């Protein structure tokens, strides 16, 4: 009923969207969501910051340029709302557009649906939209993993796989028996002690094995101040890839992978 929470990069904005939707790639600065099972339309949002009047200026610009736009109120937002019909591959669609903003931030939201389809979900998302005020601190929180962190999870895992192949001539399944292969590459000196991102990749990969082997381990995005990272949630606690290896390496302590993996599970 509440849906899934999304917090944007830099935590410029947050919103809730239907649980049956998933996030997909839309390019730089834009975010796309839709139901990949039974499609109900493509929701997009993008935000932009500019001068002190940028948000209200964006609303008025849309009303001026688009004679078919009218001003509607959705939650706290005054929106310049319009729609247009188009045809692609022989099929007719309607594109809904809402331009809104406040202070120095503007939003463009759209929803593309088969002709006749309801736009109500999109309006419901926009009613949940909030622009965070800089100087308000927002407590750390876990949200459904964003596509940005999904990419980081896969890139870290892929790097470890490649490293194990190159250094050890071994394959990698993402199973408990692979933990020793991670230890072998560490013990071989392959990872520079200064390269934080490689130690993060190690920790991400240990967390991937946890998700594969231990029921109830789930990837999330942690938004903690300016820190936006992939983490696991398990038994009411967070397991942070950064604390698997990097926190220790940074402190000059040994990285014992088998121990870190077990400690994630039993918290001792």
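Residue numbers count along the first chain shown, from 1.
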Mean CA B-factor: is it higher for 186-194 or for 131-139? 131-139
Comparing 23-31 with 52-60, the one whose average Cα B-factor in the PDB entry is higher: 23-31
By the entry's values, the third containing the CA B factor of residue 89 is the highest
Quick tally, chain-level thirds of C-alpha B-factors: residue 110 sits in the middle
Within-chain third of residue 169 by Cα B-factor, per the entry: highest
Should residue 2 be placed in the lowest, middle or highest third of its chain by the C-alpha B factor in the entry? highest
Of the three thirds of its chain by CA temperature factor, lowest, middle or highest, which one includes residue 229? middle
